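Residue-level listing of the chains:
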Amino acid sequence: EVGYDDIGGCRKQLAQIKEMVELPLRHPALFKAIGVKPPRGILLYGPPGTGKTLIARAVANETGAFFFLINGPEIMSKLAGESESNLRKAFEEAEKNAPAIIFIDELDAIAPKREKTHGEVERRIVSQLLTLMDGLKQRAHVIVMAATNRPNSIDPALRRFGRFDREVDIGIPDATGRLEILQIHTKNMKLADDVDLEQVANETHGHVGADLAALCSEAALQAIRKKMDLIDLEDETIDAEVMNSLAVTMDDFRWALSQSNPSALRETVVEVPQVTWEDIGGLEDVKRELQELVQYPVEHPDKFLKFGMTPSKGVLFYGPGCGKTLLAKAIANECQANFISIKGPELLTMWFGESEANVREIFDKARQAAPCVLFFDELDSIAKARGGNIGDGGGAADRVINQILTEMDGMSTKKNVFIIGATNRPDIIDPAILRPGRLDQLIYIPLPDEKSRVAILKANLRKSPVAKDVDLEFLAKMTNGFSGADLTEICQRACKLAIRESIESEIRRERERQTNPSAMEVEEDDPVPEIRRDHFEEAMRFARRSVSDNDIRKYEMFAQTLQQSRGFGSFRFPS
Amino acid sequence: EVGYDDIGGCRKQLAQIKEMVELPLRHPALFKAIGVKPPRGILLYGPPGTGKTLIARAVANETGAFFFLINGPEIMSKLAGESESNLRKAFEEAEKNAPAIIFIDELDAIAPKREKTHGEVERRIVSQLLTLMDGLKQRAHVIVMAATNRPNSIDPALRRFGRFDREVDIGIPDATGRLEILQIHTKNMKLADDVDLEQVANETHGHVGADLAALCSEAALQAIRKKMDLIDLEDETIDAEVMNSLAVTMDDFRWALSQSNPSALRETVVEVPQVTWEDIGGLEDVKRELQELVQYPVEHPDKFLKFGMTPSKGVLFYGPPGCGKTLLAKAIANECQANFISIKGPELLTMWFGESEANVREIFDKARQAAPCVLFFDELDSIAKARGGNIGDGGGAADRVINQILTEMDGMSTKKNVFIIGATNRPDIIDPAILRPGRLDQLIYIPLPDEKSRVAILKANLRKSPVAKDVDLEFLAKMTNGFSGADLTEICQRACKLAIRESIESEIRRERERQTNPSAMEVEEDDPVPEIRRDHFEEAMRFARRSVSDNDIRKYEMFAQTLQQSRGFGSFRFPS
Amino acid sequence: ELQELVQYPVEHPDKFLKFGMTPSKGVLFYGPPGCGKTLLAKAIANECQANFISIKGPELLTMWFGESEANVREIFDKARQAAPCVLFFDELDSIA
Ligand SMILES: Cc1cc(OCc2nnc(SC3CCCC3)n2-c2cccnc2)ccc1-c1ccc(S(C)(=O)=O)cc1
Ligand SMILES: Cc1cc(OCc2nnc(SC3CCCC3)n2-c2cccnc2)ccc1-c1ccc(S(C)(=O)=O)cc1
Ligand SMILES: Nc1ncnc2c1ncn2[C@@H]1O[C@H](COP(=O)(O)OP(=O)(O)O)[C@@H](O)[C@H]1O
Ligand SMILES: Nc1ncnc2c1ncn2[C@@H]1O[C@H](COP(=O)(O)OP(=O)(O)O)[C@@H](O)[C@H]1O
């Protein structure tokens, strides 16, 4: 049957559910001699196709509890006045086979009322379901798990104490989980040796477990269409050996990925960033300060408690393409905490639409995925949108920033969410953002140094084949004030020049065989196998400094606008 | 059974309910010979999981009244046309066992109609329930108590005279009540000696009684997972001695608190502030004036009545940021032992941006219910700053939120208990109507802390942290010529951060030594930095900064002398 | 240049993958009115034999005046369905 092996994604909420349900189910007799209330209901919510029903079935099988599935529309499709009988009989049957697990798939259909509550019979169904759910006499060990797309879609009374008192957001699987899902979905098709499922997994961003299964099936169907159809040898049952002779090639998977259309790309991603400190070449003072502020409270919470100091839970990066987003990702990676990034377009959308309640939802999501690093990238976007030199007649306060401040003030309770803010215009940022209890720790990210520039060039060119002849230290030193974005542009232009030269050359060489068919075929391989000095020289010919020295001067002004006075530098105690 | 001991939180509304219900129930025969109308219905409302049903059951048990529970959805889940029979039979059965208490849990389901009133059968249920509730012939002593999340959620006709004429807001338990709830929920698990339930209670802000029970259960489950699972010795019934051998450690409670997710952190807090005058080192003139304005009318109401003077019920604190206005308001509330409600600027800005000023009415009603209370409007000038301040909008200082606040204040004073305190760092832009008589007229200026005040602020900030006696605090306070309270707090926090970093780095290196060069005899020398020293404070003060410039202090001095008591009456003498 | 940016990633995707370079998926034509930018976009789409979707300025102005920007989501979804496609935003400066 289905078990933990079938449950893919390694998303680490299956472990939480296990810790939740073993003792109530794995050790049911224990609770008989101990006075404790187990989890009467667990609400699994997330994007559709994430395997919530699969997870519930696997838990039921691995714990031995009698699994009962109450399909939402199955009862809803039944005639009014007798569907209530179906729900009551389902609970009674689950009660009989104690311990039992009752799974309500698509719970947002039985009790969708969000206090709007249209209709008459559906109100009866929701109220009776409430009576049954609250009617659990704590006898036996029936655990009611329900599936829902979002927590707010179901009736709020279902979310109350004793009905569904604890919720788990399965969420979209990540690259590691996408790879494991691909492995589980590719185990009987005799996958080819060339295909590794790693490149596909990385390119598979935005898919869900159902999406991964559909992509694998589409690749298999492409393989079946490409071969074994030309022969057209078919019978009632295709020969096992004949079908096994085919191997799903990388090309088939690539085409399937091109024909994927993932079912929820837009959904926000809660993922541990893969970026590491290696990608950033320097910022040692900044790196150490970030390590302090974030890592120290958790690695050594006892020492923070000993001195009675509460660590700051907000940091605001200010600077000119210098790597603030990358720095935030790296700091999140070092602590192995989930990273949530709120770019400027999202804030601008909330501001234009006059919908700031999304800030509440974003903060709740960050709270659920703890430990997390809630990063508000380019937080000054709203101020720029309203102006910056003259702007609106009013002050710096705006709806979105006010909601963010309210959530931060109401935050800190969680002890895990850490707010990081990045802004290229510190002058226009609202001052309230920098007050204590908010993003008070201001960190300045300067233009990368020569060593930092070398590291940035190496990180950008790690994947590309770069000839050892081209000296990278010389190029980094040559770039007196290039930003990280400028270095990335130079590397991309060099790669583009190399690609164009290689394409043009092999194209001509192919004319050369077509025009003059050679008697003996002897390919000399690639005329340009790796990026050379001339490519980099031509690319650097177009190198440009995006960041002018005047805006760096303004940042230096603000930095010295956070000046530690000029009279205490020699402070000595009287002794 | 369940009683007052089970009812935790010590939130002091259980006492009010007791005073409400003893004589109607504890002395039912008394009302037979005396002509008086007892409380026919009591509406208990508050956040879910606060124990309203538990409180009702405890009252019923401790008074001997026959408790009847009418679950909201229990009747609502029944078939239309026969649920009305269930409600009528419930009232008749409660009538038979006089005296009896009928508890309607989740009343917002039987009669949710807020004049929107969708559907047909639910209108019948609400009207029939109204007929029954108003149909109490004052015979027997059935008391109908109902539970609801908010007063406005239920049908307004239920709120009318004779149906539910008196309401009690149980509200979220406080630190003292959170601690007592933890004690009641931790009494049979054989709590460990290291765990005290005091630190957990302080860190437990935002939880409700149900949340506290869930946290305790989660800690117990963590303890059960950490131990007794490794051995894996299990049978049909776990041995009592084996299970008793385990003790819930502080670490388990800490993890559970990390995994709490309290079910209503956002809900407004009505709590007696723990801040005391000790935290503020000075402001003796301000302290005495605040004591007068707030404490004197209540401590000696008779003397206020004798002279026919109505004490001012509004005070507006003005001064530079970080000087302790919020702390002063908390201290004054603490001295009078009155509930404190704080409305920070973000809330006002949210009401202004959303064009929802009816929240001011709700806030004032909540303050009225929790009397005696000190309704503090922190940073009241936020809306004026948002609209400008130098040029601003084309219109005047009037805005929607301030206008609603003025309307509520004008309609206030009836309660005789709510006291409005306003704090503003920009007195120039504050609306003048706020300062008219009957409003926050008593303007109090909070200046930058003095040397003695600075010493007190440093001591308060460093009370928890281990500070070596070598570091002289008076010298540091005197050295800081014009540091604000916030600046002193920043200096102390930076010193603590430096000490923490040094301690972490040092013990980390010392651990490498042990690992690099395994010593033959283990002899830990304890902590290399056990308390904050002079060098830490010197390095921290190296980064000390004055947040408040002298020009903004000059503007505050201008406004202060802009409330100048004339210049010709100083020598006023009566003719004699 | 247009041939490079558009055609090269598809005609020779392998060589783009070899150098680990992701081709740019956006090009902004700027120039005086009537010089053939719309025609150039149509020609580049024709050479690659990919569907062409044109969003003229009146449509953007209608979405802006009506405060209905969800149409952008619908337009992008339609472009995604008709792949390969060249989503052209003609006279994008109209709102400014
Ligand atoms: C001991 C303590 C821990 C804490 O939390 C620690 C923590 N855990 N997970 C996280 S989050 C995750 C980590 C990486 C990404 C984010 N954190 C955390 C906390 C603050 C800043 N960054 C992380 C808070 C406050 C305290 C205390 C300090 C003084 C006193 S007294 C009365 O003066 O003696 C009482 C209590
Ligand atoms: C006697 C009186 C008491 C009063 O109320 C007293 C009071 N009790 N709780 C509170 S509130 C709580 C206390 C700490 C936090 C808040 N207060 C109160 C009142 C005013 C200001 N602060 C507190 C009002 C007005 C009067 C009177 C004065 C003159 C006359 S005559 C016709 O000229 O002879 C008639 C009536
Ligand atoms: N991590 C996974 N491992 C194996 N199959 C998965 C996984 N995630 C999703 N699936 C697929 O998703 C299909 C249906 O999705 P389902 O489990 O019902 O979730 P939901 O009810 O939210 O749509 C299943 O048949 C299963 O094959
Ligand atoms: N102060 C308290 N003392 C003991 N238990 C409490 C307390 N507060 C809440 N609870 C717990 O809350 C649980 C259910 O909450 P309940 O009393 O029904 O309030 P509500 O109906 O508003 O949700 C109870 O089983 C009880 O254990």
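Residues numbered from 1 in each chain as written, not as in the entry; some residues may be left out. Chains lettered and ligands numbered in written order. Part of a larger assembly, values for the part shown. Heavy atoms only, no water.

Deposited coordinates in this entry are attributed by the record to cryo-EM, at a stated resolution of 3.0 Å.

Enquirer: Give a detailed account of the overall build of chain A, specifying residues and quantitative values.
Expert: Each helix and strand in chain A was counted, giving 25 helices and 10 strands. Once the C-alpha set of chain A is aligned to its principal axes, its extents read approximately 95 × 80 × 50 Å. Every one of the 575 residues in chain A was classed for burial, and the buried ones make up 47%. A total of about 28,500 Å² of accessible surface is found on chain A, and carbon and sulfur atoms cover 49% of it. (Helix = DSSP H or I, 4+ residues; strand = E, 2+ residues; numbered from the N terminus. Buried < 20%, exposed > 50% of the residue type's maximum accessible area, 1.4 Å probe, protein only. Areas by Shrake-Rupley, 256 points an atom, 1.4 Å probe, with all protein chains shown as cover.)

Enquirer: Explain the site of ligand 3 residue by residue, including any values.
Expert: All names here are of chain A. In the neighbourhood of ligand 3, 16 residues make up the surrounding shell, with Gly8, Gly49, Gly51, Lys52 and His185 lying closest. One of the backbone nitrogen or oxygen atoms of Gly49 is found 2.7 Å away from an oxygen atom of ligand 3. Between an oxygen atom of ligand 3 and a main-chain N or O atom of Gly51, the distance comes to 3.0 Å. Mapped onto the shell around ligand 3, the elements with two or more residues apiece are α3 (52-63), α9 (175-185) and α11 (209-226). Of the residues assigned to the shell around ligand 3, the class counts are five nonpolar, eight polar and three charged. Shared between two domains, the shell around ligand 3 takes at least three residues from each, and those domains are domain 1 (4-169) and domain 2 (175-259). (Near = heavy atom within 4 Å. Polar contact = N/O pair within 3.5 Å; in protein donor to acceptor, adjacent residues only side chain to side chain. Nonpolar A, V, L, I, M, F, W, Y, C, P; charged D, E, K, R; others polar. Domains from an automatic or database assignment.)

Enquirer: Describe the UniProt feature "binding site: ATP 1" in chain A, with residues and values.
Expert: Residue and element names in this part refer to chain A. The UniProt record annotates "binding site: ATP 1" at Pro48, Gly49, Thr50, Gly51, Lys52, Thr53, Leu54, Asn149 and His185. In summary, the annotated positions, distributed over 138 residues, remain apart in three dimensions as well, the widest C-alpha pair reaching 23.3 Å. Structurally, the position occupied by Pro48 is in the loop between β1 (41-45) and α3. Discounting residues that sit within four places of it in the chain, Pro48 has contacts with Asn149 and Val208. Turning to its location among the elements, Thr53 is positioned in helix α3. The exposure class assigned to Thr53 is partly exposed, which follows from its relative accessible area of 24%. (UniProt positions renumbered as here; feature names shortened; annotations may be inferred. Contact = heavy atoms within 4.5 Å.)

Enquirer: An account of the nonpolar core is requested, with residue identities and associated values reported.
Expert: The biggest cluster of nonpolar side chains holds 65 residues, and the ones touching the most others in it are B:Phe317, B:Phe364, B:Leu375, B:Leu380, B:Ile405 and B:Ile434. Domain assignment of the residues forming this core places at least three in each of domain 3 (277-445) and domain 4 (451-558) of chain B. Among residues more than four places away in sequence, those in contact with B:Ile434 are B:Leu316, B:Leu380, B:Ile402, B:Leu406, B:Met409, B:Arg439, B:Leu440 and B:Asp441. Among the nonpolar cores identified, the runner-up in size contains 61 residues, and A:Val275, A:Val373, A:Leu439 and A:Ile552 belong to it. (Core = buried A, V, L, I, M, F, W, Y, C linked by side-chain atoms within 4.5 Å.)

Enquirer: Which residues make up the pairing of strand β8 (residues 372-376) of chain A, and what are the values?
Expert: Residues and elements named next belong to chain A. Burial within β8 is extensive, with five of its five residues counted as buried. Side chains of β8 alternate between two faces, with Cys372, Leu374 and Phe376 and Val373 and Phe375 buried alike. When strand β7 (residues 338-341) meets β8, the two strands line up parallel, connected through four bridges. By the bridge assignment for β8, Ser341 is matched with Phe375. (Pairing = 2+ DSSP bridges.)

Enquirer: Hey, could you go over the packing of aromatic side chains for me, with residue numbers and the actual values?
Expert: Following the criterion strictly, the structure yields 22 aromatic pairs over all chains and no others. Site record: aromatic cluster; members linked through ring pairs are A:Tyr318, A:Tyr444 and A:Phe558. Positioned above the aromatic ring of B:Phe307 is the side chain of B:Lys306, whose terminal nitrogen or guanidinium carbon lies 4.6 Å from the ring centre. One residue, C:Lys18, lies across the ring of C:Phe19, its end atom 4.6 Å from the ring centre. (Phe/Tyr/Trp six-rings, centres within 6.5 Å; stacked < 30°, edge-to-face > 60°. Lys NZ or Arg CZ within 6 Å of the ring centre and 35° of its normal.)

Enquirer: Can you lay out the UniProt feature "binding site: ATP 2" in chain A for me, pointing to particular residues and giving the numbers?
Expert: Residue and element names in this part refer to chain A. Mapped onto the present numbering, the UniProt feature "binding site: ATP 2" falls on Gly321, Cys322, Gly323, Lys324, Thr325 and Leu326. Tracing the sequence through the fold places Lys324 in helix α16 (residues 324-335). For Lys324, a relative accessible area of 7% gives the class buried. Those residues in contact with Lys324 that sit more than four places away from it in its chain are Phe317, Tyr318, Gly319, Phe375, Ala422, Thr423, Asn424 and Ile445.

Enquirer: I'd like a rundown of the interface of chain C and chain A, residues and numbers included.
Expert: Across the boundary between the two partners, chain C contributes 15 residues, which contact 22 residues of chain A. Both sides together, the interface formed by chain C and chain A hides about 1,700 Å², and carbon and sulfur atoms give 59% of it. Counting the contacts that link chain C with chain A gives two salt bridges. With a shortest N-O distance of 2.5 Å, C:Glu4 and A:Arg500 are connected by a salt bridge. Scanning the region where chain C abuts chain A turns up four residue pairs in polar contact. Those elements that provide at least two residues to the side of chain C that touches chain A are α1 (2-11), α2 (13-18) and α5 (70-81) of chain C. Taken together, the residues that form the side of chain C that touches chain A break down as five nonpolar, four polar and six charged. (Buried area = accessible area lost by both parts, 1.4 Å probe. Salt bridge = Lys/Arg side-chain N within 4 Å of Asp/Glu carboxyl O.)

Enquirer: Outline the environment of B:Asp194, listing residues and values.
Expert: Residues and elements named next belong to chain B. For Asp194, the position within the fold is in the loop between α9 (175-185) and α10 (198-203). Sequence-distant contacts of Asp194, that is, excluding residues within four places in its chain, are made with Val248, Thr249 and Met250. A distance of 3.0 Å separates a polar atom in the side chain of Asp194 from a polar atom in the side chain of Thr249.

Enquirer: Break down the domain arrangement of chain A for me, citing the residues and quoting the values.
Expert: Split into domains, chain A comes out as domain 1 (4-169), domain 2 (175-259), domain 3 (277-444) and domain 4 (450-558). Computed over C-alpha atoms, the centres of domain 1 of chain A and domain 4 of chain A are 57 Å apart.

Enquirer: Which residues make up the UniProt feature "binding site: ATP 1" in chain B, and what are the values?
Expert: Mapped onto the present numbering, the UniProt feature "binding site: ATP 1" falls at B:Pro48, B:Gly49, B:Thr50, B:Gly51, B:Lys52, B:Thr53, B:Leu54, B:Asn149 and B:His185. Structurally, B:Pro48 can be placed in the loop between β1 (41-45) and α3 (52-63). Of the residues examined, B:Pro48 reaches a relative accessible area of 24% and is grouped as partly exposed. Discounting residues that sit within four places of it in the chain, B:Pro48 has contacts with A:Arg160, A:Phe161, B:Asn149 and B:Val208. Its location among the elements puts B:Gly49 in the loop between β1 and α3.

Enquirer: Run through the pattern of salt bridges, naming residues and quoting values.
Expert: A side chain with one charge can pair with a side chain of the opposite charge if their charged atoms come near. Throughout the structure, instances matching the rule amount to 49 salt bridges over all chains. Where B:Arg178 meets B:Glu271, a salt bridge forms, and the shortest distance between an N and an O atom there is 4.0 Å. Within this pair, whereas B:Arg178 is found in helix α9, its partner B:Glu271 is found in the loop between α13 (250-258) and α14 (284-299), the two being separated by 93 residues in sequence. Because the salt bridges share partners, they merge into one network encompassing A:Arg160, A:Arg163, B:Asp105 and B:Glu106.

Enquirer: Run through the site of ligand 4, naming residues and quoting values.
Expert: For ligand 4, the set of nearby residues contains 17 residues, the closest of which are A:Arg160, B:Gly8, B:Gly49, B:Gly51 and B:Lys52. Mapping the residues near ligand 4 onto chains gives chains A and B. A distance of 2.5 Å separates an oxygen atom of ligand 4 from a polar atom in the side chain of B:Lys52. In this structure, an oxygen atom belonging to ligand 4 sits 3.4 Å away from a side-chain N or O atom of B:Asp105.

Enquirer: Pulling in residues and values, what's your account of the side chain of A:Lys324?
Expert: Nearest to the buried, unbridged A:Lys324 among oppositely charged side chains is A:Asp377, at 6.4 Å. Within the structure, A:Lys324 has its side chain in polar contact with the backbone oxygen of A:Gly319 (distance 3.2 Å). (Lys, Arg positive; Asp, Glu negative; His and termini not counted.)

Enquirer: Break down the interface of chain A and chain B for me, citing the residues and quoting the values.
Expert: With 67 residues of chain A at the contact, the number on the chain B side is 87 residues. Across the chain A/chain B interface, buried area totals approximately 6,700 Å², and carbon plus sulfur atoms make up 56% of it. Taken together, the connections running from chain A to chain B amount to 10 salt bridges. Between A:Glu292 and B:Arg501 there is a salt bridge; the shortest N-O distance is 2.6 Å. Connecting chain A to chain B are 26 residue pairs in polar contact. Among the elements of the structure, α1 (14-26), α2 (28-33), α7 (121-134), α14 (284-299), α15 (301-306), α18 (357-368) and α20 (399-409) of chain A are those that each provide at least two residues to the side of chain A that touches chain B. In terms of residue count, the dominant contributor to the side of chain A that touches chain B is α7(A) (seven residues). Among the residues making up the side of chain A that touches chain B, the classes are represented as 19 nonpolar, 24 polar and 24 charged.

Enquirer: Before we move on, could you go through the sheet that holds strand β2 (residues 66-69) of chain B and cite the residues and values that matter?
Expert: In a beta sheet, neighbouring strands are held together by backbone hydrogen bonds and run either parallel or antiparallel to one another. All names here are of chain B. Reading across the sheet, the five strands line up as β2-β3-β4-β1-β5 and stay open at both edges, with parallel pairing between neighbours. Two strands bound the open sheet, and with one partner strand each, they are β2 and β5 (166-169). Between one strand and the next, the sheet's axes are offset by a mean angle of 20°, whatever the strand orientation. (Axes fitted to C-alpha atoms, helices over the stretch in contact; angles between N-to-C directions.)

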